[PDB]
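# Sequence first, structure after, both from an experimental entry:
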Amino acid sequence: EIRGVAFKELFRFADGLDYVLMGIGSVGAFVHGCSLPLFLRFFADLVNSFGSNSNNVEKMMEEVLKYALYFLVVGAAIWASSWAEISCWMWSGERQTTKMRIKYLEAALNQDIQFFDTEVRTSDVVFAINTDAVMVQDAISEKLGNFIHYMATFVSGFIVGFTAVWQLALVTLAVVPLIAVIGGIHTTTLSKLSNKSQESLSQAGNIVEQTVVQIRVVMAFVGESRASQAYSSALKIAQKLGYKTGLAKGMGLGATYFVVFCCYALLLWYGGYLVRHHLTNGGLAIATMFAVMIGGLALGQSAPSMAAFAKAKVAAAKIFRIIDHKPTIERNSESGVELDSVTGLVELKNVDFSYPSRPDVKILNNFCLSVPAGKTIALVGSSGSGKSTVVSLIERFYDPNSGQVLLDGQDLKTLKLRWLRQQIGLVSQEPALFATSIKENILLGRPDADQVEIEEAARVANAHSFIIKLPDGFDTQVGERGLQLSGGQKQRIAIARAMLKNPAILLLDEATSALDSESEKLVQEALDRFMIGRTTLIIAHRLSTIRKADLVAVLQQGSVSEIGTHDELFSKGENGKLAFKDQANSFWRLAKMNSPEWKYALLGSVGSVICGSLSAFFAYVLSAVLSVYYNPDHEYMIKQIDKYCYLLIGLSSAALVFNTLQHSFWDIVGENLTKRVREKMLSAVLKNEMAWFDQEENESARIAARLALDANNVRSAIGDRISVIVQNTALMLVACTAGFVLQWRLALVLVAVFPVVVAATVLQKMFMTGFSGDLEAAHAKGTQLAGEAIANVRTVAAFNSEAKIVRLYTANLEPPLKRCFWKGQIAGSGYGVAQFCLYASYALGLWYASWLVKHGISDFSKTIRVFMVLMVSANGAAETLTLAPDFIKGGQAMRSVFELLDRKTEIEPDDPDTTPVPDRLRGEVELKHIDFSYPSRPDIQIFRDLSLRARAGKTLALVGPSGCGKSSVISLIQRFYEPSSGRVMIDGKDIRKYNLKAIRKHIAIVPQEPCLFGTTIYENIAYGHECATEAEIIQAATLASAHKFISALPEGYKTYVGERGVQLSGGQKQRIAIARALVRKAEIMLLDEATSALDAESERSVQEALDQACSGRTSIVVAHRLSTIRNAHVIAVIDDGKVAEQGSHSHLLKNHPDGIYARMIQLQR
Ligand SMILES: CC(C)[C@H](C)[C@@H](O)[C@H](O)[C@@H](C)[C@H]1CC[C@H]2[C@@H]3COC(=O)[C@H]4C[C@H](O)[C@H](O)C[C@]4(C)[C@H]3CC[C@]12C
Ligand SMILES: Nc1ncnc2c1ncn2[C@@H]1O[C@H](COP(=O)(O)OP(=O)(O)NP(=O)(O)O)[C@@H](O)[C@H]1O
Ligand SMILES: Nc1ncnc2c1ncn2[C@@H]1O[C@H](COP(=O)(O)OP(=O)(O)NP(=O)(O)O)[C@@H](O)[C@H]1O
Ligand SMILES: [Mg+2]
Ligand SMILES: [Mg+2]
C-alpha cells in the first residue's frame, strides 16, 4: 500500500492569498467555537443576577440589561466569525484544488504512453482526478475548519465549566463518554444497515434493468409474471432488512434519550446539593452542565475531520505521485534538425520493436519498409499483427528498442518531437471529439488556422453536411450530446482537422466497414491530394484504396512476406409555483394505497406524540429545577429536586420504549408502501407497449433510476412528513400550554420568536453537516473533458495539443470557481444573520421577562420557567433534522409515479374481451395489404401493400437485404407492433381482437442476438414453457444439440452464466435460444437471422431443427444466406419493402427467374 504524504504537503498549491484566507478562516472558526460556550457563561451570569436581586429591582434591571447587551455582542461576533469561517475556508479550498487539478492534468498529458501502459493506467488516472481531487478538496476546505471550530468549542466549554463549578465539571465529564459512545454506536449501526439496504436495492434495480433491456423476449413469452415474482422476492429481502434499520434507529434514539434523562437526573440532584451548601449558584450549575456536555460532544464531532484528513493524505499522495513524475522519454529536443524536405524518402527499417508491458514478446521482428517519396503505399496487416504498433512507431509514441529506425534518412530522436509530430498527420479509427465545440475541435487540429480555413476545410476537404446543419452551427458542443453526431460526421471532422495539418507525410488508419461512402471518398481524395500521405490500412475492405497505393505488402509475425507492387494478394484472410391542489389529491391517493398499514401508522402516531411530549417535558424539568435553585427554603428545594429527579428517571424508560415503537412502526409502514409502489410501478411498466419502450426517456438504466429514486423519496415524503408534523405539533402544543398557563405574555412573545430560533438551530445542524454543494456536479463538465483527454491521450500527443486542452480545462473550471465563491459568501452571510437573530431573540425575550418581573406582573420563577421551557423545546423541535425533508423533490417524484401508473397502453398485454381461443392454433397467419409505419420514425415506412401466406404442415422462408424489415415482419407476426393500415389473419380473424397472451403462448420466437437471463442454464432454457419439468428440457437440449457443450460445462444446467458467469459462444447461446424455442412447443416457430448468426455445427443443428419444425406444426424462418431457405419448401420475397414472388426456389426460377437473392446466392458462392 502506498504511503500518504505529510499533512503540510496538502497545501503545496497555497499562495499568499490562500494563506490569508486560511488564517482568517481559522480565526473565525476559533471565535465561533469559543463563542458557543461563552454565551452559556453570560446566560449563567444573567440568570444568577436576575434571581438573586429580586429584592433590589433596579440593580436586577441594570444587570439584566448589560447582560442582554452582552448577548447582542456575542450574536454579532458569531455572525462575523461564522461568515468569515465558511466563506474563507470554502473559497480557499476551491482555489487550491483548482490549481491542483490543472497541474495534475498538465502533468498527465505530457507523460509518455508507455508510462500509462506500465505505471498507473488511464482508468486509474480518471478515478483519481475525480475522487481524490474532491476528497482532498473537502478535507482542506470544510473538514479543517470544522476541526478547528470543534476543538475550540471543546476547549472553551471545558474551561468555562471548570472555572464555573469544577465539581459539576468533573461529574459531567464522567457523564459525557456514555452519551458519546451511544451516539457513535447508533451512527455506526445505521451506516452499516444503510449499506446493506443500498446493495439490496441495487440488486432489485439490476433485475429491473435486465428485464427492460430484454423486453423483447419478456413480452414474446408471458414472463412478465416471472419478472414480477423476482422483483417481489428482492423487495421482500430489502423490506425485511428495512424493518431492521428502523428498529435500530428507534433503539438508538431511545437509548440516547434514556441515558440523557438519567444523567441529568443525577446532575440536577448534585447541583441542588452544591447550591444547598453555598458552593455555587443555580445558573452556574446549569451553565457548567451544558458547557461540559457541549465540549464533549464537540470532540466527538471533531473526530470525523481526522478521518477525512487521513483519507485525503492517501489521495493527495497518489495525486502528487502522478504530478511529480518526470517524463521518461525526452521530448522536444533542441537538437531538432527542422528538415525542409517534407518528403519522407525512406524510413522504418530494421525495426525490432517489443511492447513495453511484455518486453519478451517481440511484436516487430527486424521490420524493414521503404515508403518511397512521391507515391502512396498501403499495408496489409493481420489482426494479430501490429498495424497499430507500427503506426505508433511512426508517430514516435514508443521508442524502438535498438534497430536502425529513421525518417527520410535523418532518424527521429535527433530532429525534435513537437515539430516531427506536426509534420505527420494521423487519422484514427475512433474519432477524437472532445467536450468542446466542433469549431474548437478544428482549432485543436491546428490552432493557427482562422475560421475561414475551417469553412474551406468544411467545403473542399469535406462536404457541407450535417456537421454544419447543427442549430448552433460550428459552435456546437459535441461532447454534451454525442448522440447528435452519427459517427461518420465526427470521422469527417477528424479528417478536416487532419487536413489542417496538411504538410508532409500523413499516416492513415483503418475505418469501420459500417461507414458512409462519402467519408470514404473524402479519405481517398485526401490521399490523391496528398501523395506524401501513405500507410493506408486496407483490412480487406475498400479495395479502391489498395488500387490507389501501388506498393502493397502483407504483415505477419512481425515481418513482411513480400515487398513490391500489387499481386495476387487475395484469399489470404480477406474479409469484410406548481399547482398544489393536485398535490393534495395525489397525497390522498398515496394514503389510500397505504391503507392496509393504517394500524401501524396509528400506533406510530401515538408513539410520536408521547415522544414529543417527553422532549418538551424534559425541558420543563430543567426549567423547574433551575427555578428551584433560587429558592431560600432548602428543605422545599430538596423535596422539589427529589420529585423532579424521580419523575425524570421514571420517564427515561418511557422515552426509550416509545422512541423504539414510533420509529419501528413508521419505518415498517414506509417500507410496505415503498415495496407496494415498486410492484405497481413495475406492473404498469410491463403492461406498456414497446412503442413506449423504444421511445427515448424509457431506457432501462433510466427506468431503474426512476424506480429507485421515486420510491425512496415518496416513502420519505409520506412517513417522515406525518411523523414530523405530529411529533413537533405535540411538542410545541404542550410547551406553549405550560408557557401560557405560567405567564401568557412572555409565552406569547416567545411563540412569536419561535420560528426564528427553530430555523437558526436547523441551520446549526446543517452547518454541522456542511454547506459545500455537490462539487462533482459543479466540476462535471471539466471532469468529463479531462476524462476524454486522458483516455484519448494518443490523439492529443499526435496533435501536440496539450496546451489547448489545458486552456479549455481552465476555461471550463473558471465559472464553477466563481459560483463556488458566491455560494460560500451567501451561505456565510445567511448563517451569520440567522445566528445573530437567534441571539437577539434570546436577549429580547429574557429582558422582557425582567421587565415583566419589575412591574409586578409576574415572578422570577414563572418567567424563567417559561423562557427555558420554550427555548429548549424550540431546540427539540429544530431536531427535525433527524427525519429527512425530501418533500421538495418528493412532490415531483410522486407526480412522476402517478403519471407513470396512470399512463395508458394502447396495446393491451391481456385482452379483456372474449376470445375464441383454440387449443392447437390453426397456424395459417395471413398478412395482406400491410402498410406498417414505424412509430418512432414516421418518415420510414417499410411496408407497402404486403400480402403474405402461411403453410400449416409446411414452413415459409423469407430472404432479403439487411435494409428490409424482416425482423419487422416477425414483430408484426406476434403483434409486437401495430400496422398503420395492414390487416392480418392469425386464426381467421384479427390479431387485435384475439387475446395477446394466447398469441404469446402459441408462438415461439428466437431473437437475432439472443442473450441469457439468469444464473442457471436450467431456468433460462425452461423459460419457454411454464412447466418444463426435467425430461422435456432433456430432449430440448438433445434435439438442439446444446447438450454436448452443456455437459462440457462444469455442472451443466446449473452453470452460472451472464457477465460474471461462463460466457458461452455466440453459436452456443444462439443454439440454447433454439433449445428454449423448442421448449415452448408453440405452433408458429419464428426463426430469425439467428439461424445465420452461428457456426457450422450449429448450422447442421439448425437444419435438424428445421426438420423437426416442418415435422411439428409450422415455422417462419428468415435467413439472408443460402442453404437454409432451401430447407423450407416455400420461399417468399421481401426486397425493397415489397413482395415479388413466393414459392420454392425451383418455383422461384420457373417463373420470375434469377432475382436479387439468386444474385446473392451466386455471390455467396
Ligand atoms: C439555557 C438554554 C435554554 C439555552 C439558551 C439553549 O439555547 C441551549 O442551546 C440548550 C437548548 C442546549 C445546551 C446544551 C444542549 C444539550 C447538550 O448536552 C446534552 O446532554 C445533549 C445530549 C444529546 O445530544 C441530546 O440529544 C441533546 C442534549 C440534551 C442537548 C439538549 C439541548 C441543550 C440543553
Ligand atoms: N495495450 C497493449 N498491451 C499489450 N500488448 C498490446 C497492447 N496493444 C497492442 N499490443 C500488442 O500489439 C500487437 C498488435 O496489436 P493488436 O491490438 O493485437 O492488433 P492491431 O495492431 O490493433 N490490429 P487489429 O487487431 O486488426 O485491430 C499484439 O502482439 C498485441 O498483443
Ligand atoms: N424503432 C425503430 N424505429 C424506426 N425504424 C426502425 C426501428 N427499428 C428498426 N427500424 C428500421 O428497421 C430496418 C432494419 O430492418 P431489420 O429487419 O431490423 O434488419 P437489420 O437488423 O437491419 N438486418 P438483419 O440483422 O440481417 O436482420 C431499418 O430501416 C431501421 O431503421
Ligand atoms: Mg491496428
Ligand atoms: Mg430484420
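Looks like it came in fine. Numbering: from 1, shown residues only. Ligands and ions are numbered 1, 2, ... in the order given.
# Distance-wise, check the closest residue to ligand 5 within the stretch 901-1050 of the chain relative to residue 251.
Closest to ligand 5 within the stretch 901-1050 of the chain is residue 967: 2.6 Å, counting by CB to the ion. Bear in mind the C-beta positions are built from the backbone N, C-alpha and C, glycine included. Residue 967 is 58 Å from residue 251, where distance means CB to CB, to the nearest Å.
# Could you do residue 8 as well?
From residue 8 to residue 251 the distance is 43 Å (CB to CB).
# Name the residue in those two with the higher neighbour count.
Counted by other CB atoms under 10 Å, residue 8 and residue 251 do not tie: residue 251 has more neighbours, with 18 against 8.
# Tell me if the more buried one really is in a helix.
Yes: according to DSSP: H, G, I helix; E, B strand; the rest coil, residue 251 belongs to a helix.
# For the closest residue in space to it that isn't next to it in sequence, the count of nearby residues, please.
Nearest non-adjacent residue to residue 251, counting by CB to CB, 6 or more residues apart in numbering: residue 660, 5.4 Å away. Residue 660 has 21 neighbours, counted by other CB under 10 Å.
# Hmm, residue 660 is touching residue 246, no?
No: judged on CB atoms under 8 Å, residue 660 makes no contact with residue 246 at a distance of 9.5 Å.
# still on that earlier bit, ramachandran coordinates for the residue of the stretch 901-1050 of the chain closest to ligand 5?
For residue 967, the backbone dihedrals (degrees, to the nearest 10) come out as phi -60, psi -30.
# Could you double-check that residue 714 sits in contact with residue 593?
No: taking contacts as CB under 8 Å, residue 714 lies outside contact range of residue 593: 10.3 Å.
# which parts of this protein sit against ligand 3?
Residues of the chain found near ligand 3 (CB under 6 Å from any ligand atom) are 694, 934, 936-937, 940, 962-963, 965-968, 1008, 1089, 1120.
# Can you list which of these are found in helices?
Counting by DSSP state H, the residues of the chain next to ligand 3 place 966-968 in helices.
# May I ask which of these has the most neighbours?
The residue in those with the most neighbours, by other CB under 10 Å, is residue 966 (22 neighbours).
# Next, count neighbours for the residue nearest to that one when sequence neighbours are not counted.
Using CB to CB, 6+ apart and skipping the chain neighbours, the partner closest in space to residue 966 is residue 1118 (4.5 Å). For residue 1118, the count of nearby residues is 26 (other CB under 10 Å).
# so when I look at residue 378, I'm seeing a strand, right?
Yes: assessed with three-state DSSP, residue 378 lies in a strand.
# do you know how far the residue in the stretch 251-400 of the chain positioned nearest to ligand 1 is from residue 37?
Nearest to ligand 1, among the residues of the stretch 251-400 of the chain, is residue 293, at 3.1 Å (CB to the nearest ligand atom). Here residue 293 is placed at a distance of 10 Å from residue 37 (CB to CB).
# repeat for residue 672
With distances taken as CB to CB, residue 672 is found 45 Å from residue 37.
# more neighbours, those two?
Per other CB under 10 Å, whichever of residue 672 and residue 37 has more neighbours is residue 37, with 27 against 19.
# So the more buried one lies in a helix, does it not?
Yes: assigned with three-state DSSP, residue 37 falls within a helix.
# what's near enough to touch the closest residue in space to residue 986 that isn't next to it in sequence?
Counting by CB to CB, 6+ apart, residue 986 lies nearest to residue 925, which is 5.2 Å off, once chain neighbours are set aside. Counting by CB atoms under 8 Å, 6 or more residues apart in numbering, residue 925 touches 948, 950, 973, 984-986, 1084, 1116.
# Likewise for residue 27?
Going by CB under 8 Å, 6+ apart, residue 27 touches 81, 84.
# chain center to the host helix or strand of it: distance?
Per DSSP states H and E: residue 27 is located in helix 16-52. Centroid separation for helix 16-52 versus its chain: 41 Å, with CA atoms, centre = their mean, to the nearest Å.
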